[PDB]
Amino acid sequence: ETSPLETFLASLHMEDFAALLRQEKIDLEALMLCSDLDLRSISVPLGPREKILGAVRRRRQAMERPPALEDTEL
Amino acid sequence: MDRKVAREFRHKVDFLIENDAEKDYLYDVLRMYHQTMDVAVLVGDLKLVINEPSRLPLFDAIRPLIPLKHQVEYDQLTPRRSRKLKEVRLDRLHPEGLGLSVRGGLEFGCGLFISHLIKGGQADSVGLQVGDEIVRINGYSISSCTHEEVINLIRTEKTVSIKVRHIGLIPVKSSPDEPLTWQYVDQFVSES
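The listed protein sequences derive, respectively, from chains B and A. If you use the entry's author numbering, the first sequence corresponds to residues 388 to 461, in order. If you use the entry's author numbering, the second sequence corresponds to residues 1 to 192, in order.
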């Protein structure tokens, strides 16, 4: 019911950036390929830019090199 | 009626199982059950082919084949599933936490499953179960989420709402090179 981008940004406390990204026609698939310069060009500030970029990198590393299944205790 | 029942059942088998050797095994254990009337042995033998979530509707397909006098026991021995979603509200600031463990995510090719419950804990008290699949967190779909994103999403607010679907299977992958397999709740809990 919610988009991959909406949930992605929600997990990072960055829901308020969903409007800007959708306005610039950027879905999650497109965001994965965004460089620092790309996000600079669409007025994403330093702090938010580094949070997104870090999360993209962690996502890519998990998808490309998935570990053993482990339980997270909550 | 038995040619109509066989026809409808065969359609369900063909749709959920691709492999012919797996089909042959399925029909064989059902043939054996008709001879012996051993429902416990049947359910145990059925597990070899019903080995992943997408194959669980086979239990529903088989139920009409089970005589009335065995349908209560059959239900008890098979996972209790429902397409109606269960919603719960949990407090993260609780002194003893949520009282559950969680595994899975997009990087594993599987959904998010409750793998452990602390008996008497907060998750337990609201009726959550080992074998439950989490389909929604704080209103958000998690079908495109990695394990870490789901964990971070749970930890965003002081409280968390979880929507749940009971499956009765737990995903298993003991190393980065292992394939994804599934274990029934009873096996996973006993082996832990």
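Where is the CB? At the ideal position from N, CA and C, for every residue including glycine.
- Message: Taking CB distances under 8 Å as the criterion, tell me whether residue 156 of chain A reaches chain B.
- Response: yes
- Under a Cβ-count criterion, where at least 16 other Cβ atoms within 10 Å of its own Cβ denotes burial, should residue 64 of chain A be classed as buried or exposed? exposed
- Contact set for residue 414 of chain B: own chain, Cβ-Cβ below 6 Å, skip 5 residues either direction: 392
- Task: Would you check if there are 3 or more beta carbon pairs closer than 8 Å linking the region 14 to 27 of chain A to the region 142 to 154 of chain A?
- Result: no
- Message: Which of the three DSSP states is assigned to residue 115 of chain A in this structure?
- Response: strand
- Message: Strictly by DSSP, which residues pair up with residue 105 of chain A?
- Response: A:110
- Query: Based on the DSSP secondary-structure assignment, which residues constitute the bridge partners of residue 184 of chain A?
  - Reply: A:169
- Query: Given a threshold of 16 other Cβ atoms within 10 Å of its Cβ, counted over all protein chains shown, does residue 71 of chain A qualify as buried or as exposed?
  - Reply: exposed
- Pairing CB atoms from the region 166 to 178 of chain A with CB atoms from the region 108 to 120 of chain A, are three or more of them under 8 Å? yes
- With distances taken between CB atoms, is the gap from residue 189 of chain A to residue 135 of chain A smaller than 8 Å? no
- Message: Under DSSP, the alpha helix (DSSP H) around residue 43 of chain A begins and ends at which residues?
- Response: 39 to 46
- Message: Bridge partners for residue 140 of chain A per DSSP, in chain order?
- Response: A:137
- Give me the Cα-Cα distance between residue 122 of chain A and residue 179 of chain A, rounded to the nearest whole angstrom. 33 Å
- Query: Ordered along the chain, which non-local residues of its own chain (more than five positions away) have a Cβ less than 7 Å from that of residue 435 of chain B?
  - Reply: 401, 404
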